[PDB]
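This report refers to the structure that appears directly beneath it.
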Amino acid sequence: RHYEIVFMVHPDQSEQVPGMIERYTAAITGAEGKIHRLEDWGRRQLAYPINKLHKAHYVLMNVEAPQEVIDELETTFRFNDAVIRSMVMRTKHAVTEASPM
Amino acid sequence: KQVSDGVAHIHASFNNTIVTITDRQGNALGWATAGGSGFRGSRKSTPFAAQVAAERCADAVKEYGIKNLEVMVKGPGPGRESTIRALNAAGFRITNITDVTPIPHXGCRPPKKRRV
Amino acid sequence: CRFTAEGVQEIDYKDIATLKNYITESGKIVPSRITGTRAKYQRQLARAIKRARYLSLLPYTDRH
Amino acid sequence: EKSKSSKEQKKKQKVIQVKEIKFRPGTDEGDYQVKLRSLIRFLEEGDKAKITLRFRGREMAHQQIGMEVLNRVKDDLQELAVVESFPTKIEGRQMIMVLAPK
Amino acid sequence: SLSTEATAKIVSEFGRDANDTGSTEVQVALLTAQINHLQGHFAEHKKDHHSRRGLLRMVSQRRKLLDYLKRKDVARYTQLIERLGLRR
Amino acid sequence: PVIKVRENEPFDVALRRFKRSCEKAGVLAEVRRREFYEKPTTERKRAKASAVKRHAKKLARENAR
RNA sequence: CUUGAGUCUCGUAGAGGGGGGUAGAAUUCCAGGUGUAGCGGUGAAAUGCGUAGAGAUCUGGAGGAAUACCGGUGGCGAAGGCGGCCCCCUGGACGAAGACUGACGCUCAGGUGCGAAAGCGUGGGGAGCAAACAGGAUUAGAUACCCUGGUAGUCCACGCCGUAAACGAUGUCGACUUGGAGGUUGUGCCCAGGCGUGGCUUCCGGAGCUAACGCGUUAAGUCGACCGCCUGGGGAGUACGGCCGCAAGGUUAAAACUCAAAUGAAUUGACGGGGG
Ligand SMILES: N=C(N)CCCCNCCCNC(=O)CNC(=O)C[C@@H](O)[C@@H](N)CCC[C@@H](NC(=O)[C@H](CN)NC(=O)[C@@H](O)CNC(=O)C[C@H](N)c1ccc(O)cc1)C(=O)O
Ligand SMILES: [K+]
Ligand SMILES: [K+]
Ligand SMILES: [K+]
Ligand SMILES: [K+]
Ligand SMILES: [K+]
Ligand SMILES: [K+]
Ligand SMILES: [Mg+2]
Ligand SMILES: [Mg+2]
Ligand SMILES: [Mg+2]
Ligand SMILES: [Mg+2]
Ligand SMILES: [Mg+2]
Ligand SMILES: [Mg+2]
Ligand SMILES: [Mg+2]
Ligand SMILES: [Mg+2]
Ligand SMILES: [Mg+2]
Ligand SMILES: [Mg+2]
Ligand SMILES: [Mg+2]
Ligand SMILES: [Mg+2]
Ligand SMILES: [Mg+2]
Ligand SMILES: [Mg+2]
């Protein structure tokens with residue numbers, strides 16, 4: 001299934017991001033999962049205050065992965081209290097071409 | 001202590017008008033209603049009764065020495081435009097006028113329609 | 001309609017420049033009567049804006 | 001300051017109001033009994049009752065018929081009320097009795 | 001619905017050819033698969049009345065096809081009901 | 001609606017700008033319609049009424065050659 | 001046997017259904033800061049709230065319910081109905097080209113299921129709203145309409161109930177019979193534009209039909225198959241009996257008696273606290 005994950009990180013813990021990117025991409029590729037795109041737009045200004053913050057660290061990942069690993073990736077995002085917000089969508093095809101960030 | 005820059009909150013209901021002047025942080029200085037300014041009953045819900053309440057509020061904040069104001073109007077009532085014009089005449093420079101009327105995006109069920 | 005002319009297959013929640021042409025100053029979705037958007041694309045455009053608002057890429061209201 | 005408070009404590013006494021009931025010379029038993037229950041209620045709440053009786057056309061010829069209604073009402077509310085202005089003549093095309101509590 | 005692969009299997013197992021999608025045995029087989037699959041769905045989701053209506057038309061279409069086969073050729077009928085494990 | 005007063009602009013023009021901005025947003029029309037509860041059958045009836053009008057105008061316009 | 005009915009392949013649109021998560025806005029409440037005499041309500045008032053500091057304004061928290069804008073005689077569903085966003089499970093429809101089965105069909109008394117809101121049972125929950133109820137008014141009276149409050153209920157789980165102007169007041173399936181203007185969703189061809197071809201849907205109108213009003217290829221027209229139902233008004237969808245339900249009640253369903261009408265559409269007046 002072609003998914004598409006976005007997640008935002010607390011701007012203080014902006015240096016845990018390359019670690020987290022590795023930890024997650026590992027679990028995808030460690031169950032016959034591709035990574036058709038990964039981007040890191042970095043810190044940008046929030047359009048409204050999320051729990052008192054005014055900025056956060058954005059990470060896009062397009063993926064092709066088996067059902068259950070995406071469920072496990074969601075349980076991670078929950079309990080990791082550095083992740084302020086996340087969004088797992090489905091897609092029809094794989095997306096490789098670059099976003100406008 | 002002198003302030004110079006504050007905020008003018010206008011609560012313009014159908015039945016009354018309240019006008020509070022606050023600082024930058026929303027700490028109050030002095031207030032004036034259109035019910036406390038003589039007018040009673042349905043007299044207090046006129047455009048004129050609001051003008052008076054604005055003018056009476058201007059003179060409660062003489063001792064704080066305010067020059068600049070921002071105007072936070074809230075409601076559908078008659079004393080919307082006239083309250084602002086009154087604060088202009090009282091000598092305050094008006095930096096910014098903002099509507100802050102609450103709308104629920106749905107929310108709670110309102111009361112039944114009046115059969116009259 | 002733009003999206004017919006350009007041959008857009010899906011409108012993106014990340015193309016914030018394009019989405020900003022279809023919200024108000026207050027930050028409400030503009031009707032298709034006004035813009036001239038075809039009805040299929042109005043439905044996509046609306047989904048996109050609501051996804052953008054969740055990720056705080058667009059505002060819900062102008063008075064946040 | 002306030003004293004409004006004290007006014008509210010003074011207000012929880014009473015104000016007497018006058019409740020008007022209107023009979024006619026020919027008024028049937030059931031409809032009489034309804035109007036009596038109105039009067040009982042008013043008097044037990046401590047209010048005055050202006051019982052009227054009207055005449056039309058040639059009902060004025062038989063004034064005695066109307067008088068007995070007012071007498072019947074009076075005797076039914078004897079224990080509850082006192083009479084204050086039992087009528088003498090037809091003033092206009094009306095007679096007016098006024099009762100009062102206890 | 002049944003997958004493209006799961007379909008293609010049953011067309012081979014029951015068909016007389018693998019273009020033979022039409023035959024009564026294939027049709028009955030395809031329906032039996034999806035009926036059995038949905039027994040799991042309605043175990044959890046007991047108040048999905050709208051989907052259950054789709055199920056009951058599968059059951060109805062199968063019963064009709066079987067009754068056609070019983071009178072067209074009783075030999076092929078008795079084979080099919082044992083393979084698929086149908087009582088009647 | 002947020003209207004910053006611009007440099008060397010008089011109060012009257014800024015007050016007019018505030019009105020149009022509120023008109024465009026439709027702030028008061030929202031407050032009016034949310035004052036009392038309108039049950040769904042009523043809202044559907046009103047929707048159908050204005051639809052017939054909108055159509056009837058377009059006809060009578062074009063039906064007048 | 002392949003033309004009705006099905007199956008397969010590729011795609012398309014959708015508030016179709018079930019489960020779980022989550023977002024922003026708002027109302028109320030709680031706890032603080034600033035501030036001080038009013039607030040609230042009406043046709044007019046009063047009840048109510050506030051110096052034990054309200055209302056207003058600011059910050060932080062708590063909880064429940066519903067998803068502004070998009071939004072549309074737009075869409076989906078057998079009907080009832082279905083509207084934030086995301087995932088999981090799942091039903092139907094439609095189009096293009098073929099391939100396959102070979103009348104496998106249509107309708108349905110009994111039967112079985114689904115079925116708005118209120119209501120019932122057992123547990124939860126409870127912001128807002130609100131039958132009953134309490135107080136304030138209005139009035140000849142006012143067991144109302146208006147005002148301040150307010151319990152069941154409205155929400156959730158599981159079970160029951162089986163009714164609505166549950167309406168298009170129009171049963172299901174199939175064939176045939178001039179046109180015009182739109183919406184929505186596929187698709188072919190030529191060169192965005194042009195020229196075709198399907199599905200669904202809104203408005204006008206021809207023949208014909210109709211008591212008239214109107215209906216008019218989505219028929220109330222022309223025909224064929226099967227089912228349901230009607231036989232003057234009241235008495236009465238009531239009584240009795242049966243079945244069903246915890247109950248409320250539902251369902252099936254008469255007769256005596258009484259009247260010469262009751263009724264539908266349209267016409268001319270008059271009238272309206274309807275409009276110009
Ligand atoms: N012409 C009139 N007398 C008065 C005209 C109305 C009053 N004028 C406005 C006064 C100021 N405004 C208000 O006060 C706000 N309104 C209220 O609060 C009153 C309401 O309560 C309202 N419902 C009163 C009845 C109106 C109307 N009545 C009817 O239409 C109904 C039937 N629909 N009843 C009848 O017609 C008769 O059966 C009995 N009429 C009667 O005996 C009359 C009754 N006793 C009465 C009511 C109010 C009043 O001030 C004086 C007398 C009416 O014409 O009176
Ligand atoms: K989190
Ligand atoms: K309560
Ligand atoms: K005629
Ligand atoms: K019975
Ligand atoms: K008879
Ligand atoms: K007239
Ligand atoms: Mg449909
Ligand atoms: Mg599906
Ligand atoms: Mg209910
Ligand atoms: Mg209950
Ligand atoms: Mg209430
Ligand atoms: Mg009430
Ligand atoms: Mg019925
Ligand atoms: Mg309905
Ligand atoms: Mg209807
Ligand atoms: Mg009917
Ligand atoms: Mg049928
Ligand atoms: Mg027509
Ligand atoms: Mg007919
Ligand atoms: Mg009965």
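In what follows, every heavy atom counts, from backbone to side chain, and hydrogens, waters and symmetry copies are set aside. Lettering follows sequence order; numbering is per chain, from 1.
- Residue B:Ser42 is classed as a base contact, given a heavy-atom separation below 4.0 Å to a base.
- A close approach under 4.0 Å does occur between a side-chain nitrogen or oxygen of E:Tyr68 and OP1 or OP2 of G:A103.
- With the cut-off at 3.5 Å for both distances, G:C8 forms no Watson-Crick or G-U wobble pair with G:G174.
- Phosphate proximity of G:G40 to B:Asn16: present, with a side-chain N or O under 4.0 Å from OP1 or OP2.
- Side-chain atoms of A:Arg1 stay outside donor-acceptor range of the base of G:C88, with no qualifying N/O pair under 3.5 Å.
- Within 4.0 Å (heavy atoms only), E:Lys46 reaches no atom of the nucleic acid at all.
- F:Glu43 comes within 4.0 angstrom of nothing in the nucleic acid, heavy atoms only.
- A donor-acceptor pair shorter than 3.5 Å cannot be found between the side chains of C:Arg63 and B:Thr98.
- When all heavy atoms of D:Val73 and D:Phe23 are compared, the pair lying nearest together is CG2-CZ, 3.7 Å.
- Contacts of E:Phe42 with the nucleic acid, taken as non-hydrogen atoms under 4.0 Å apart, are absent.
- Contact of B:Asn15 with G:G40 (side chain to base): no donor-acceptor pair of N or O atoms is detected under 3.5 Å.
- Between A:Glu4 and the choices A:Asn62, A:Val88, A:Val63, the side-chain contact (heavy atoms from CB on, under 4.5 Å) rule is met once, by A:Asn62.
- Using a 4.0 Å heavy-atom distance criterion, D:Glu1 is classed as a base contact.
- With both atom-pair distances required to fall under 3.5 Å, a Watson-Crick or G-U wobble pair links G:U12 to G:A93.
- Salt-bridge formation is not detected for the pair D:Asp31/D:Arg24: no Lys NZ or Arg NE/NH1/NH2 atom is positioned less than 4.0 Å from an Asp or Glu carboxylate oxygen.
- Not one side-chain nitrogen or oxygen of F:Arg54 sits closer than 4.0 Å to the OP1 or OP2 atom of G:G72.
- Across every strand in view, G:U170 sits unpaired, with no contact that passes the Watson-Crick or G-U test at under 3.5 angstrom.
- When the P atom is compared between G:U258 and G:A236, the two are found 16 Å apart, to the nearest whole Å.
- Side chains of D:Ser6 and D:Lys10: a donor on one and an acceptor on the other come within 3.5 Å.
- Of all nucleotides listed (G:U12, G:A127, G:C104), G:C104 comes nearest to the side chain of E:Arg71.
- Here G:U7 presents its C1' atom at 13 Å from CD1 of E:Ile10, a figure rounded to the nearest Å.
- Applying the 3.5 Å cutoff to both bonds, G:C133 and G:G149 register as a Watson-Crick or G-U wobble pair.
- Nucleic acid contact for E:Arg57: sugar-phosphate only, since backbone atoms but no base atoms lie under 4.0 Å from a heavy atom of the residue.
- Side chain of E:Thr21, nearest nucleotide from G:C100, G:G92, G:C69: G:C100.
- Every residue meeting the salt bridge (charged side-chain N to carboxylate O under 4.0 Å, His left out) condition with F:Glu38, not counting sequence neighbours, appears here in chain and number order: F:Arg46.
- A canonical Watson-Crick pair (purine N1 to pyrimidine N3 plus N6-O4 or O6-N4) or a G-U wobble (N1-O2 and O6-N3), each contact under 3.5 Å, is absent between G:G162 and G:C76.
- G:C191 and G:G91 make neither a Watson-Crick nor a G-U wobble pair with both donor-acceptor distances under 3.5 Å.
- Within the structure, a side-chain polar atom (N or O) of B:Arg114 is placed less than 4.0 Å from OP1 or OP2 of G:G43.
- Residue B:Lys44 has its side chain nearest to G:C39 when only G:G48, G:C39, G:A103 are considered.
- Regarding the sugar-base torsion, G:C10 falls in the anti class, its angle being beyond 90° of 0.
- Base-pair partner of G:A247: not found among the strands shown (Watson-Crick or G-U wobble, both distances under 3.5 Å).
- One donor-acceptor pair, N or O on each side, does fall under 3.5 Å between the base of G:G17 and the side chain of E:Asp48.
- Counting heavy atoms from C-beta on, the side chains of B:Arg80 and B:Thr101 come closer than 4.5 Å.
- Stacking annotation: B:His105 is not stacked on the base of G:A25 (requires ring centroids less than 5.5 angstrom apart and an interplanar angle below 30 degrees).
- In this structure G:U122 sits in a base pair with G:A157, meeting the Watson-Crick or G-U test at under 3.5 Å.
- Not a single donor-acceptor contact under 3.5 angstrom links the side-chain atoms of E:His49 to the base of G:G77.
- Among the atoms of the strands shown, none is found under 4.0 Å from any heavy atom of F:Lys53.
- Across its full length, the helix from G:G179-G:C204 to G:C190-G:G193 shows an angle of 0° between the axes of its 5 terminal pairs at either end, rounded to 10 degrees.
- The side chain to side chain donor-acceptor pair (under 3.5 Å) check on E:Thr24 picks up nothing, with sequence neighbours excluded.
- Distances from the side chain of D:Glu8 to the nucleotides G:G18, G:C106, G:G48 place G:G48 closest.
- Base engagement by D:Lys2 is indicated by at least one non-hydrogen atom pair under 4.0 Å involving a base atom.
- For the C1' atom pair drawn from G:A248 and G:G162, the interatomic distance equals 13 Å after rounding to whole Å.
- Put simply, D:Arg41 has a side-chain N or O that comes within less than 4.0 Å of OP1 or OP2 on G:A142.
- One can place CZ of A:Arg90 at 10 Å from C1' of G:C88, the figure rounded to the nearest angstrom.
- By the neighbour-count criterion of 12 heavy atoms within 6.0 Å, atom CZ of E:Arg57 is sparsely surrounded, having that number or fewer from other residues, nucleotides or ligands.
- For B:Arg109 and G:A66, a side-chain-to-base donor-acceptor distance below 3.5 Å is absent, hydrogens and geometry of angles not being considered.
- Residue E:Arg53 places no side-chain N or O under 4.0 Å from the OP1 or OP2 atom of G:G113.
- Within the shown strands, nothing qualifies as a pairing partner of G:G80 under the Watson-Crick or G-U definition with both distances less than 3.5 Å.
- The separation of G:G6 from G:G179, taken at their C1' atoms, amounts to 37 Å, rounded to a whole angstrom.
- Residues G:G235 and G:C108 show neither Watson-Crick nor G-U wobble pairing with both defining distances under 3.5 Å.
- A canonical Watson-Crick or G-U wobble pair links G:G208 to G:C215, with each of its two hydrogen-bond distances shorter than 3.5 Å.
- A canonical Watson-Crick or G-U wobble pair links G:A5 to G:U101, with each of its two hydrogen-bond distances shorter than 3.5 Å.
- Using a 4.0 Å heavy-atom distance criterion, A:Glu74 is classed as making no nucleic acid contact.
- With the cut-off at 3.5 Å for both distances, G:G11 forms no Watson-Crick or G-U wobble pair with G:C49.
- Counting any heavy atom pair closer than 4.0 Å across all strands shown, F:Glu62 reaches no nucleic acid atom.
- Put simply, the side chain of E:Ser51 and the base of G:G16 share a donor and an acceptor less than 3.5 Å apart.
- On a pure distance criterion of 3.5 Å, a polar donor-acceptor pair joins the side chain of C:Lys50 and the base of G:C70.
- Under a 3.5 Å limit on both donor-acceptor distances, the bases of G:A99 and G:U7 meet the Watson-Crick or G-U wobble criterion.
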